[PDB]
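Enquirer: To start, I am sharing the structure in question, which I have written as structure tokens.
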4 protein chains.
Amino acid sequence: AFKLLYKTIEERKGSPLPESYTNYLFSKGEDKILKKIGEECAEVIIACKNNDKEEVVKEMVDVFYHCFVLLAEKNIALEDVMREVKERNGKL
Amino acid sequence: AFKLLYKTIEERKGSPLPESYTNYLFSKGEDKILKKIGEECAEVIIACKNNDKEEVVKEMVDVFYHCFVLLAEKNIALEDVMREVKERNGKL
Amino acid sequence: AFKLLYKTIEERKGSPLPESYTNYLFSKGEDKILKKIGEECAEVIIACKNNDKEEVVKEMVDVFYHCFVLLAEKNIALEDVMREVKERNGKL
Amino acid sequence: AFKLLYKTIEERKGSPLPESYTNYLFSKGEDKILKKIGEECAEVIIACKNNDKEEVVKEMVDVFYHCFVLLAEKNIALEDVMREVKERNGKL
């Protein structure tokens with residue numbers, strides 16, 4: 001599912017649809033995506049303190065979506081992230 | 001891999017090892033985890049602006065790890081997150 | 001000047017003008033202001049890494065403005081902050 | 001008081017005392033300070049949601065202190081910030 005989301009974001013980078021939010025992000029670039037990540041992270045904290053589980057899930061996925069858009073924008077392969085996740089898993 | 005990481009974090013919540021970082025987080029609770037997420041998010045922004053890909057990957061995975069620890073702490077099932085990811089995928 | 005800014009924000013809390021941004025913040029409440037602070041903090045980081053001094057100043061003042069709005073909203077006296085600043089000054 | 005804090009931080013940049021936290025920040029540089037600002041910002045959010053006024057004040061001043069350290073580090077004059085605060089005041 002995470003791989004599916006990443007692939008979809010990658011497909012938008014090659015076949016741009018100005019109407020789409022992902023393309024809007026790619027056009028505005030790195031700084032726009034980073035601002036979104038910071039904003040979304042604050043939203044996760046606020047949602048968590050409000051004990052709103054549905055909102056925590058929406059905002060956390062929002063953070064993940066923007067992180068993936070950022071990866072694609074900086075040309076960082078998803079597998080590099082997955083390797084790190086596996087390495088981190090082993091440590092634990 | 002993401003599921004593997006989550007399961008491992010869940011296993012630590014039931015079988016505590018005070019020596020482990022994950023248990024340290026569960027003992028300090030919600031507020032400690034949230035602070036980590038905010039700090040890590042800032043580190044992702046800084047790393048991205050420094051154009052340090054390796055660091056972006058480490059910090060992003062760091063953000064994901066703490067988000068998963070937070071899910072376990074708030075008793076939010078991983079599948080709830082995955083459902084949201086799939087729904088988000090469909091929209092795109 | 002910081003005191004002037006705070007006083008002005010306080011005056012808006014008592015004499016609401018729906019057209020104003022400050023009143024918009026008070027009406028939406030705590031969670032809206034906090035989201036703004038997180039977003040603005042991310043903008044400060046981004047601006048600083050871009051080496052854009054003018055932007056750093058605008059965003060930093062933005063952070064300060066929202067922190068003062070937050071103080072007024074939570075009914076925290078400015079002098080309490082100033083006492084802390086002075087105490088911090090002495091430590092240094 | 002804010003000017004006093006800034007002046008004190010400036011004095012530390014010229015007469016370094018490795019034992020001091022301010023000099024520790026200047027030595028580690030921009031990225032360390034920015035990380036602190038992000039972390040502190042999260043702490044302000046968490047403290048505010050906890051309704052802990054004393055903590056909100058400590059963390060907010062912490063954010064201000066690190067912003068001033070950042071100004072000194074980037075060689076941004078305090079009056080530039082004050083000009084912006086006054087301009088912002090007039091707009092209101």
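Ligands are numbered from 1 in the order shown, chains are lettered A, B, ... in the order of the structure tokens, and residues start at 1 in each chain.
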Select all residues from chain D having any atom no more than 10 Å from an atom of chain A (counting only C-alpha atoms, ignoring ligands), output as a list in words.
Expert: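 Every residue of chain D that passes the 10 Å test is in residues 38, 41, 42, 43, 45, 46, 48, 49 and 50 of chain D.
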Enquirer: Any chance you could export the current selection's N, CA, C and O atoms as a PDB file, in the first residue's frame?
Expert:
```pdb
ATOM      1  N   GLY D  38      12.525  23.773  16.398  1.00  0.00           N
ATOM      2  CA  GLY D  38      11.457  22.867  16.009  1.00  0.00           C
ATOM      3  C   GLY D  38      10.964  22.047  17.191  1.00  0.00           C
ATOM      4  O   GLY D  38       9.766  21.878  17.402  1.00  0.00           O
ATOM      5  N   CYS D  41       9.122  24.301  19.643  1.00  0.00           N
ATOM      6  CA  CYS D  41       7.822  24.645  19.098  1.00  0.00           C
ATOM      7  C   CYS D  41       6.823  23.515  19.400  1.00  0.00           C
ATOM      8  O   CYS D  41       5.668  23.768  19.768  1.00  0.00           O
ATOM      9  N   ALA D  42       7.273  22.272  19.251  1.00  0.00           N
ATOM     10  CA  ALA D  42       6.437  21.125  19.546  1.00  0.00           C
ATOM     11  C   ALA D  42       6.103  21.129  21.045  1.00  0.00           C
ATOM     12  O   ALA D  42       4.968  20.851  21.450  1.00  0.00           O
ATOM     13  N   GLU D  43       7.091  21.472  21.859  1.00  0.00           N
ATOM     14  CA  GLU D  43       6.898  21.528  23.298  1.00  0.00           C
ATOM     15  C   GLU D  43       5.863  22.572  23.709  1.00  0.00           C
ATOM     16  O   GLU D  43       5.150  22.378  24.685  1.00  0.00           O
ATOM     17  N   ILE D  45       3.289  23.481  21.829  1.00  0.00           N
ATOM     18  CA  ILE D  45       2.011  22.921  21.413  1.00  0.00           C
ATOM     19  C   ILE D  45       1.504  21.938  22.474  1.00  0.00           C
ATOM     20  O   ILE D  45       0.362  22.046  22.935  1.00  0.00           O
ATOM     21  N   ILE D  46       2.373  21.010  22.868  1.00  0.00           N
ATOM     22  CA  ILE D  46       2.067  19.996  23.867  1.00  0.00           C
ATOM     23  C   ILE D  46       1.700  20.634  25.211  1.00  0.00           C
ATOM     24  O   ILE D  46       0.704  20.263  25.831  1.00  0.00           O
ATOM     25  N   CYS D  48       0.599  23.679  25.749  1.00  0.00           N
ATOM     26  CA  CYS D  48      -0.643  24.406  25.615  1.00  0.00           C
ATOM     27  C   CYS D  48      -1.863  23.481  25.704  1.00  0.00           C
ATOM     28  O   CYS D  48      -2.848  23.812  26.370  1.00  0.00           O
ATOM     29  N   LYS D  49      -1.771  22.313  25.074  1.00  0.00           N
ATOM     30  CA  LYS D  49      -2.850  21.338  25.095  1.00  0.00           C
ATOM     31  C   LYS D  49      -3.015  20.704  26.472  1.00  0.00           C
ATOM     32  O   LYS D  49      -4.089  20.190  26.805  1.00  0.00           O
ATOM     33  N   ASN D  50      -1.945  20.730  27.261  1.00  0.00           N
ATOM     34  CA  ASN D  50      -1.945  20.188  28.619  1.00  0.00           C
ATOM     35  C   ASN D  50      -2.491  21.226  29.590  1.00  0.00           C
ATOM     36  O   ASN D  50      -2.704  20.934  30.769  1.00  0.00           O
TER      37      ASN D  50
END
```
Enquirer: Excluding residue D:75 and its own-chain neighbours fewer than 6 positions away, which residues fall within 12 Å of it when counting only C-alpha atoms? Please give them as a PyMOL selection string.
Expert: (chain C and resi 48+51-53+56-57) or (chain D and resi 6+9-10+13+26+30+68-69)
Enquirer: Here's a check: after a least-squares fit over all in-order C-alpha atoms, write chain C in the frame of chain D, as an mmCIF file with C-alpha atoms, in the first residue's frame.
Expert:
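Ended up saving to part.cif:
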```cif
data_model
loop_
_atom_site.group_PDB
_atom_site.id
_atom_site.type_symbol
_atom_site.label_atom_id
_atom_site.label_comp_id
_atom_site.auth_asym_id
_atom_site.auth_seq_id
_atom_site.Cartn_x
_atom_site.Cartn_y
_atom_site.Cartn_z
ATOM 1 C CA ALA C 1 14.313 42.623 28.339
ATOM 2 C CA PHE C 2 14.198 41.088 24.852
ATOM 3 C CA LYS C 3 16.984 43.492 23.871
ATOM 4 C CA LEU C 4 18.906 42.556 27.015
ATOM 5 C CA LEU C 5 18.633 38.863 26.110
ATOM 6 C CA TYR C 6 19.832 39.525 22.574
ATOM 7 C CA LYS C 7 22.777 41.662 23.727
ATOM 8 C CA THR C 8 23.859 38.940 26.173
ATOM 9 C CA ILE C 9 23.706 36.317 23.397
ATOM 10 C CA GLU C 10 25.779 38.652 21.185
ATOM 11 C CA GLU C 11 28.411 39.099 23.913
ATOM 12 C CA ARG C 12 28.815 35.315 24.089
ATOM 13 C CA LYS C 13 29.471 35.086 20.354
ATOM 14 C CA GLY C 14 32.524 37.335 20.772
ATOM 15 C CA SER C 15 33.780 36.070 24.148
ATOM 16 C CA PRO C 16 33.296 32.260 23.986
ATOM 17 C CA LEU C 17 33.058 30.098 27.088
ATOM 18 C CA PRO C 18 32.944 26.433 25.927
ATOM 19 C CA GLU C 19 31.149 25.695 29.210
ATOM 20 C CA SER C 20 28.148 27.789 28.121
ATOM 21 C CA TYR C 21 25.146 26.482 26.204
ATOM 22 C CA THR C 22 25.064 29.543 23.926
ATOM 23 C CA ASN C 23 28.630 28.904 22.782
ATOM 24 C CA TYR C 24 27.829 25.214 22.368
ATOM 25 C CA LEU C 25 25.047 26.312 19.983
ATOM 26 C CA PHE C 26 27.299 28.676 18.040
ATOM 27 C CA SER C 27 29.940 25.958 17.688
ATOM 28 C CA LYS C 28 27.450 23.372 16.405
ATOM 29 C CA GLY C 29 25.883 26.025 14.207
ATOM 30 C CA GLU C 30 22.712 26.814 12.328
ATOM 31 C CA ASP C 31 21.371 23.257 11.989
ATOM 32 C CA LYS C 32 21.586 22.610 15.727
ATOM 33 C CA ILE C 33 19.744 25.829 16.580
ATOM 34 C CA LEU C 34 17.034 25.127 14.016
ATOM 35 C CA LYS C 35 16.481 21.636 15.430
ATOM 36 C CA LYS C 36 16.088 23.203 18.864
ATOM 37 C CA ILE C 37 13.514 25.672 17.562
ATOM 38 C CA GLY C 38 11.462 22.866 16.016
ATOM 39 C CA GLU C 39 11.633 20.769 19.172
ATOM 40 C CA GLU C 40 10.714 23.733 21.376
ATOM 41 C CA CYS C 41 7.815 24.666 19.132
ATOM 42 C CA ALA C 42 6.458 21.140 19.513
ATOM 43 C CA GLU C 43 6.864 21.511 23.303
ATOM 44 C CA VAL C 44 4.832 24.708 23.236
ATOM 45 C CA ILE C 45 2.020 22.936 21.426
ATOM 46 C CA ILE C 46 2.086 20.001 23.856
ATOM 47 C CA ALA C 47 2.248 22.294 26.895
ATOM 48 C CA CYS C 48 -0.641 24.398 25.622
ATOM 49 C CA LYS C 49 -2.854 21.333 25.072
ATOM 50 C CA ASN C 50 -1.952 20.169 28.593
ATOM 51 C CA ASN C 51 -3.190 23.556 29.845
ATOM 52 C CA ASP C 52 0.062 23.979 31.752
ATOM 53 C CA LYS C 53 0.578 27.747 31.739
ATOM 54 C CA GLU C 54 3.940 27.719 33.492
ATOM 55 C CA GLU C 55 5.292 25.271 30.932
ATOM 56 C CA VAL C 56 3.865 27.270 28.015
ATOM 57 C CA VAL C 57 5.793 30.301 29.286
ATOM 58 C CA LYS C 58 9.064 28.391 29.754
ATOM 59 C CA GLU C 59 8.875 26.769 26.335
ATOM 60 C CA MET C 60 7.790 29.950 24.566
ATOM 61 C CA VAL C 61 10.750 31.827 26.069
ATOM 62 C CA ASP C 62 12.882 28.851 25.041
ATOM 63 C CA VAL C 63 11.702 29.351 21.451
ATOM 64 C CA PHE C 64 12.500 33.070 21.698
ATOM 65 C CA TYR C 65 15.944 32.442 23.164
ATOM 66 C CA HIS C 66 16.845 30.080 20.320
ATOM 67 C CA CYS C 67 15.439 32.460 17.693
ATOM 68 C CA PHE C 68 17.745 35.200 19.064
ATOM 69 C CA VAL C 69 20.713 32.837 19.087
ATOM 70 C CA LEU C 70 19.813 32.074 15.451
ATOM 71 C CA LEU C 71 19.710 35.819 14.630
ATOM 72 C CA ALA C 72 23.195 36.327 16.107
ATOM 73 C CA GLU C 73 24.469 33.247 14.262
ATOM 74 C CA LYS C 74 23.093 34.440 10.895
ATOM 75 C CA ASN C 75 24.275 37.999 11.650
ATOM 76 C CA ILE C 76 20.783 39.482 11.578
ATOM 77 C CA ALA C 77 20.430 42.670 13.605
ATOM 78 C CA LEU C 78 17.777 42.726 16.307
ATOM 79 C CA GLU C 79 16.524 46.118 15.117
ATOM 80 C CA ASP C 80 15.577 44.539 11.778
ATOM 81 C CA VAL C 81 13.226 42.290 13.752
ATOM 82 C CA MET C 82 11.973 45.224 15.810
ATOM 83 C CA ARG C 83 11.264 47.228 12.634
ATOM 84 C CA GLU C 84 9.173 44.315 11.384
ATOM 85 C CA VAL C 85 7.360 44.110 14.730
ATOM 86 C CA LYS C 86 6.544 47.832 14.553
ATOM 87 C CA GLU C 87 5.405 47.584 10.931
ATOM 88 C CA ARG C 88 3.228 44.625 11.891
ATOM 89 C CA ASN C 89 1.876 46.674 14.802
ATOM 90 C CA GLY C 90 0.870 49.520 12.503
ATOM 91 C CA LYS C 91 -0.967 47.156 10.133
ATOM 92 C CA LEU C 92 -3.049 45.976 13.089
#
```
Enquirer: Among stretch 14-90 of chain C, which ones does DSSP assign to helix (DSSP H, G or I) (computed from the backbone)? Answer as a ChimeraX atom specification.
Expert: /C:14,21-28,30-49,53-73,78-90
